[PDB]
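Visitor: The listed protein sequences correspond, in order, to chains A, B, C, D, E, F, G, H and I. Per the entry's author numbering, the very first residue in the first sequence carries number 35; after that it's consecutive. Per the entry's author numbering, the very first residue in the second sequence carries number 35; after that it's consecutive. Per the entry's author numbering, the very first residue in the third sequence carries number 2; after that it's consecutive. Per the entry's author numbering, the very first residue in the fourth sequence carries number 6; after that it's consecutive. Per the entry's author numbering, the very first residue in the fifth sequence carries number 326; after that it's consecutive. Per the entry's author numbering, the very first residue in the sixth sequence carries number 79; after that it's consecutive. Per the entry's author numbering, the very first residue in the seventh sequence carries number 2; after that it's consecutive. Per the entry's author numbering, the very first residue in the eighth sequence carries number 2; after that it's consecutive. Per the entry's author numbering, the very first residue in the ninth sequence carries number 1; after that it's consecutive. Every residue, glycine too, gets a C-beta built ideally from N, C-alpha and C. Would you mind keeping the following structure in view while I ask a few things?
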Amino acid sequence: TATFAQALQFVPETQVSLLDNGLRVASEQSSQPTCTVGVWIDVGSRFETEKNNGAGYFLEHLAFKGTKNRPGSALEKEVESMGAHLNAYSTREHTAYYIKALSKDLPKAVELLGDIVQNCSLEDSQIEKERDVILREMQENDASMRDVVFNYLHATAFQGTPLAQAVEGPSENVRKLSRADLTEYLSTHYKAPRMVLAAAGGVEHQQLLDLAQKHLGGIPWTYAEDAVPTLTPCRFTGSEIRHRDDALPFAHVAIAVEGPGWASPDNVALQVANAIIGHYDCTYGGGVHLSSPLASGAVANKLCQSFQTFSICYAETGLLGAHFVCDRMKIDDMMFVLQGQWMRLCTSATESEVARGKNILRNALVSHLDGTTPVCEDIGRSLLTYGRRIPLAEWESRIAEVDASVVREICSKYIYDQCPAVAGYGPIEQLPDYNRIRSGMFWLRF
Amino acid sequence: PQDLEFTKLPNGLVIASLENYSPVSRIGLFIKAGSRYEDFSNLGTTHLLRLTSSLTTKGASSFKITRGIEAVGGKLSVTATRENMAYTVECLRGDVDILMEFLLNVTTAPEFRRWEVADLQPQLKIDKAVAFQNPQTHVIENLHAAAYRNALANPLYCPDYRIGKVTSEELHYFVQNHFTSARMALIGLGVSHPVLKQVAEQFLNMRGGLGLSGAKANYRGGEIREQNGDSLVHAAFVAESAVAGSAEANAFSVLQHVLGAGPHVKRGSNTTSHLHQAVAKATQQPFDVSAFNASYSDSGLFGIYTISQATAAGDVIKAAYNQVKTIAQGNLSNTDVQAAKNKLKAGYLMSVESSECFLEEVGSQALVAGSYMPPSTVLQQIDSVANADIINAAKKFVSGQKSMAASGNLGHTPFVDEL
Amino acid sequence: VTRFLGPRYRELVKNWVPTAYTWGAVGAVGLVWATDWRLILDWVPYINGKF
Amino acid sequence: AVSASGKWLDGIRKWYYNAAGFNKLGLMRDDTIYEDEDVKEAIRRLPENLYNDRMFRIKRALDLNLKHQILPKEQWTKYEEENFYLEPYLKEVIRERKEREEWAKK
Amino acid sequence: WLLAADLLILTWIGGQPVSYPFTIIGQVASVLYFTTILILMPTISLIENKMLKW
Amino acid sequence: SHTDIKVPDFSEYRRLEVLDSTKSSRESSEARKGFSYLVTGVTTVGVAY
Amino acid sequence: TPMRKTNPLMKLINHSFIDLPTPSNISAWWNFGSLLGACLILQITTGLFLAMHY
Amino acid sequence: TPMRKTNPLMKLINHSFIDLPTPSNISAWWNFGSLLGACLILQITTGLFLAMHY
Amino acid sequence: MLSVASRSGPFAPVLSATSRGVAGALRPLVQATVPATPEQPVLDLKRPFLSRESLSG
Ligand SMILES: CCCCCCCCCCCCCCCCC[C@@H](O)O[C@H](CO[C@H](O)CCCCCCCCCCCCCCC)COP(=O)(O)OCC[N+](C)(C)C
Ligand code: HEM
Ligand code: HEM
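Now the structure itself:
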């Protein structure tokens, strides 16, 4: 019969390999008709200075517009003729491109990546159009609530840190950019080792590698001007931002604390703690006193409308915390439960709750990986963050080691008596003053 | 390395399995019952019944269901549509013996204590509202209401006047009459087949065969309009289409993908689609235009859907529609057709590629006949399609009677007859 | 009353016992200091305000 | 072991029902019971027709009380006449409480 | 009312000079005063709970 | 817009130890908090006496 | 809008005295509690005059 | 659901002290009012121990 | 082949006590963003979008 003693082992391992220019290729055969090659560049929004904040984001916008090999209309016509779904996204730390097509179509896609990697066309008129497209896109994203709130959360948490500025860049800075700044950004940031090719599904590794040699091998490897990035273990401020606009239907806030980095064991236990805190929404029929204790707190006298726990880890730091919508009159109460739950995990952590959290964590980490895109992105994100891969067997071997005492030690270590970053997009007014929150970070009974 | 083991049972229950070695076992149960089987007497019952999944039952208290499913770390879910209703649950391989027992308790023996139902009555408005946060839905549920006299016209979501008046007795009456075992089909995955032979055998003791099975859903040509203050008017117009299993239906699919049903390139203007390339040269850039194709056992629907500036609306849908007229003229190269056929092959393989949507596929076609149809065979079925069949499909669209639904300022949108 | 028995309650009480040692020490030392008890205080290395 | 002796248990029980005066004001046994959280939850459940009667029976009893009168002798509740309407609901609520408390200790 | 009578007993006993007849009745009245409020009452509360089939 | 905002510099008010945007605050935090808790701890002693 | 419901002092007199709901069927015994208050009011003032001479 | 909001004594303390809004820019002069509130206590407590001999 | 995946069209809600109903088939989405103003309705007791079935550390 099927069991974890067997079932964990049958998921195929990726085969890592190194090109002479230091680009690393990774692939995972999965007996699938379809596969998704991509390039998970380690460039992010934190690497820009204030002078050139919008370069990387801008590149993502105009990447598919044009290339030296062909006008971008031909490129899109080709990707569409193949039935391929090209896609791209950027992050404060991890930029990424990837393509989505059949394995039969696989080689034809891969060369295109190199094209898109090695020589995007940069027509000045195309830049001129993409500028106003961004300027409209900004106000189009202004309609969003949550994104604005995490943006305040980063701007609050880090302030003077390079990590703090938004990926989109300032609305003022965006029009000040020029093509030479973009090309300088290209030459100074896009190069192997930092490049990482990856694929999963129907791809055979050696085909992908032998093919990668013919296109990605043109990428420079020795640094131009011998430039080297200078990362720092950046500081975490305890500040808060509190935007208003009282006419908005709902308060919308996020609270966060310093977290263990993108490469530490402790994160795992924190995930379990998050699993204890539990997400909820009023749309769910599983409300009332049922479900997670914070989720149980969301509905009894009907507190939180909707919320979630999060841990946005970075290579240098991270952000443990919570995120919730509020009625104007309940913003205090929704807080009093939340911090209490943290306090409840700082002590009084029963083994069964930790077990349930481990189960939810296992189910999450396994359920996430279904499909080709999640595992390619996992390879793409994972290689950069950790190197290696992280086979699931390692994960559950590690999760089993987790204990309620461990959760108490670590949650007491990174949450108890801290000085949280706080963000609040209005109509806040009942939200407690920062001393009330900071006081609410520690019990006197303990 | 195994084909799914499709199997029928003397009870009339259908069963299937497809062994894998991914640790998340993920089973589904598919009842043929849907919103269409509702009539005027008990309309909106399905929308609550999908939310009654966590209520207490004869064999288990609701606290036991919720706390059990959560303590296991697995999760139940309830997909629903105008055709099928689809319970589903995900869990680790060693835990199924618990969770599936909940499923057996949810569908076969669901007592509805009335106060618990009354407690869930208010929630229907919230779920309906968050569902109506998405602009296309609010048009298209009105579109089905504008396109059918009868069965398919019935909304997935509860009507506002029924939010407080749904009763447990109507729930039972919908349950015994539509959760017939003959209608049911069970689809496992990582779970081994023989233990499914056991647990399904546990399902066999309940319920006789054949459901109430009424209605036919006649077509109609009526309009529905809303008139709002929103600048972004958005609307769809639709002709009748043969569905399904016909080469003609495949011709409508290949047709919508000639028209470009959706983007393949993020953050990129759709250079190849005829509709985007018609409207873009017709007016301002802010719009979105694409073909739509409903597909139901009694009947299918086909037609353009659009979002646009309120002033430009009559400039938009009078343009894209003309594009279809060009196909009626026989103006169609083989090449872009090959590109479209490739778009269906790639897109279908993509939608299948996820395990959950795969289970939706197997559970969708398990009921129509149950004989599983491998994707390569579907590729044979699309490769079979000729250009002339496509021209016949567009010809049926242009020559057919049309319905329309709309939502926005509506100052400039054409009425359905003029279209 | 009967419900309070239970293994997690045992785990919880075991989690909160040291805090009870601490507050118990607080109340005990505080009580002795406030009343300046002669019998307990003299034993101390330095506090000899009493004669 | 109860049998014919159970017919004797009743003789005492009937005597008691008479000794308790509530019937005298026309109250059923169930109307009488003290309202803890569990009872209040049980009351919410009761079908509307059942619930209303209970309200009236109580209102009359309180009303009878200020006067200090005792309901007319024919109108006194008979011992075998009584419904025990609240029992299924109260037992259900108590069972739910015991189940949640049992889950909460483990 | 038995307990109230016991209270009157305590008062009349407390109104009187020490002697065996008074002290005995004082012992009995005191012990009865505690037994009625600790032991006796809950038990007959249970018996009354069972007479009405609870 | 949703990105145009940025926090004005607070370096003038900040404690000397954490002024730089390089060193980790995780070690210094025990010192920063420890000083003030020491202050409150002495004050409680005075009030108690 | 009666003057009693607007005045912050009168609201206390309004709730604590004039308009708090009470059971209809209350008997003589419930009077005694109020009497205690009155007794206190009597035990004070009367005794206060004794303080003027004692 | 904080307990301050539940128990009525904790409610009134939650009003008069812990939670009631005040202008932020209040100066040192308003403090004198609270000081008067303090002084009275002293004038009682201290005075209470003078009445025991006077 | 009636499935929304096999034939893009009307959404099939996944609404439930334990999960959000987001899924469905096109029905145009995201593509409208390149064209100006896809403003989207705001806070009519709105749920957060996406639904994090795609969790990450
Ligand atoms: C002679 C002197 C003897 C006494 C010794 C000194 C006593 C000092 C004062 C004692 C104060 C107790 C401190 C404990 C404070 C914790 C209070 C509270 O928070 O504890 C709750 C419960 O605490 C426990 O019930 C009690 C733990 C401590 C009991 C220790 C008693 C040991 C006595 C042994 C006898 C020895 C002396 C006998 C002398 C007669 C759990 O908190 P909670 O956040 O809700 O739990 C999570 C949420 N849940 C419930 C939903 C899960
Ligand atoms: C519930 C409140 C009070 C009760 C029960 C009470 C009771 C008594 C009693 C039993 C005596 C003994 C008198 C005697 O035996 O002759 C007494 C005397 C006295 N009381 Fe009070 N008292 C109360 C409140 C007060 C108050 C509020 C004051 C002053 C404001 C006060 C002032 C006096 C004085 C001055 C005496 C001495 C006079 C005397 O002994 O005859 N008492 N009180
Ligand atoms: C706001 C409240 C009060 C104020 C301002 C106040 C003020 C005074 C003053 C000015 C004196 C004159 C003492 C002197 O000049 O030598 C005095 C004496 C006295 N007070 Fe108060 N008082 C107050 C309340 C009280 C209270 C509550 C008591 C309760 C016992 C009390 C008891 C006494 C006594 C017994 C004396 C005379 C004993 C002595 O002077 O040695 N007073 N008070």
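How about residue 448 of chain A: is its Cβ closer than 7 Å to a heavy atom in ligand 3?
Guide: Taking 7 Å as the cut-off, one finds no heavy atom of ligand 3 near enough to the beta carbon of residue 448 of chain A.
Visitor: Please report whether the beta-carbon of residue 203 of chain A lies at a distance below 8 Å from any beta-carbon of chain B.
Guide: Taking a beta-carbon distance threshold of 8 Å, residue 203 of chain A does not count as an interface residue toward chain B.
Visitor: From which residue to which residue does the beta strand (DSSP E) around residue 61 of chain B run?
Guide: Residue range 58-65 is occupied by the beta strand (DSSP E) that includes residue 61 of chain B.
Visitor: Give me the Cβ distance between residue 396 of chain B and residue 38 of chain B, rounded to the nearest whole Å; I'm assuming they're in contact under 8 Å.
Guide: 7 Å
Visitor: Of all Cβ atoms in chain I, is any one closer than 8 Å to the Cβ of residue 256 of chain A?
Guide: no
Visitor: So, does the CB of residue 325 of chain B fall closer than 8 Å to a CB anywhere in chain A?
Guide: no
Visitor: Who are the neighbours of residue 475 of chain A on chain F, taking C-beta pairs under 7 Å?
Guide: Neighbours of residue 475 of chain A on chain F: none; closest Cβ ~11 Å, over 7 Å.
Visitor: Which residues mark the beginning and the end of the alpha helix (DSSP H) in which residue 481 of chain A is found?
Guide: Lying before the first or after the last residue shown, residue 481 of chain A is absent from chain A, which here runs from 35 to 480.
Visitor: Mind checking whether the beta-carbon of residue 3 of chain C lies closer than 7 Å to any heavy atom of ligand 1?
Guide: no
Visitor: Contact check, residue 371 of chain A vs residue 438 of chain A under 8 Å by CB: the rounded distance?
Guide: Not really, about 21 Å apart at Cβ, beyond 8 Å.
Visitor: For chain B, find out if any of its Cβ atoms is closer than 8 Å to the Cβ of residue 55 of chain I; answer yes or no.
Guide: no
Visitor: For residue 111 of chain D, return the contacting residues in chain C, with the cut-off set at a CB-CB distance below 9 Å.
Guide: Per Cβ cutoff of 9 Å: 7, 8 and 9.
Visitor: Taking the runs of the alpha helix (DSSP H) that are 4 residues or longer, which of them lie wholly in the region 111-150 of chain B?
Guide: 130-141
Visitor: Pick helix, strand or coil for residue 213 of chain B, following the three-state DSSP scheme.
Guide: coil
Visitor: What in chain I is Cβ-close to residue 161 of chain B, meaning under 7 Å?
Guide: 15
Visitor: Mind checking which residues open and close the beta strand (DSSP E) that includes residue 329 of chain B?
Guide: 321-329
Visitor: Starting from the beta carbon of residue 105 of chain D, find every residue of chain B whose beta carbon is closer than 8 Å, and list them in chain order.
Guide: Within chain B, the C-beta atoms nearer than 8 Å to that of residue 105 of chain D come from 97, in chain order.
Visitor: I'd like the span of the alpha helix (DSSP H) that includes residue 421 of chain B, first residue to last.
Guide: Unbroken alpha helix (DSSP H) run through residue 421 of chain B: 421-433.
Visitor: At the 8 Å Cβ level, is residue 51 of chain I part of the contact set with chain B, yes or no?
Guide: No, its Cβ sits nowhere closer than 8 Å to a Cβ of chain B.
Visitor: Apply the 10 Å Cβ neighbour rule to residue 373 of chain B and answer buried if 16 or more other Cβ atoms are within range, or exposed otherwise.
Guide: buried
Visitor: Using DSSP with H/G/I as helix, E/B as strand and the rest coil, what is residue 196 of chain A?
Guide: helix
Visitor: At a CB-CB cut-off below 7 Å, which residues of chain A make contact with residue 306 of chain B?
Guide: 111 and 114
Visitor: In the DSSP assignment, find the alpha helix (DSSP H) that holds residue 342 of chain A and state where it starts and stops.
Guide: First-last for residue 342 of chain A: 340-345, but that is the beta strand (DSSP E), not the alpha helix (DSSP H).
Visitor: Under the DSSP definition of a beta bridge, which residues are partnered with residue 51 of chain A?
Guide: Paired residue(s): A:59.
Visitor: Could you give the distance in angstroms between the alpha-carbon of residue 34 of chain I and the alpha-carbon of residue 418 of chain A?
Guide: 30 Å
Visitor: So does residue 48 of chain H have its beta carbon nearer than 7 Å to some heavy atom of ligand 3?
Guide: yes
Visitor: Rounded to whole angstroms, what is the Cα-Cα separation between residue 325 of chain A and residue 94 of chain B?
Guide: The straight-line gap separating the alpha-carbon atoms of residue 325 of chain A and residue 94 of chain B is approximately 17 Å.
Visitor: Residue 75 of chain D and residue 32 of chain D: beta carbons closer than 8 Å?
Guide: Contact flag unset, no.
Visitor: Please list the segments of the beta strand (DSSP E) lying wholly inside the region 278-306 of chain A, counting only runs of 3 or more residues, in order along the chain.
Guide: 285-292
Visitor: For the structure I just gave you, are there three or more beta carbon pairs, one from the region 168-183 of chain B and one from the region 328-344 of chain A, closer than 8 Å?
Guide: Taking 8 Å as the limit for Cβ pairs, the verdict is that the region 328-344 of chain A does not touch the region 168-183 of chain B.
Visitor: Return the bridge partner residues of residue 482 of chain A from the DSSP annotation.
Guide: Since the first and last residues shown for chain A are 35 and 480, residue 482 of chain A lies out of range.
Visitor: If you draw a straight line from the alpha carbon of residue 165 of chain A to that of residue 404 of chain B, how long is it in whole angstroms?
Guide: 54 Å
Visitor: What separation, rounded to the nearest whole angstrom, lies between the Cα atoms of residue 30 of chain C and residue 37 of chain C?
Guide: 10 Å
Visitor: Ignore the nearest five residues each way along the sequence and tell me which others in residue 95 of chain A's own chain have a CB closer than 6 Å to its CB.
Guide: 164
Visitor: Nearest chain B C-beta to residue 120 of chain A closer than 8 Å, yes or no?
Guide: yes
Visitor: Three Cβ pairs or more, each shorter than 8 Å: is that satisfied between the region 380-394 of chain A and the region 95-110 of chain A?
Guide: no
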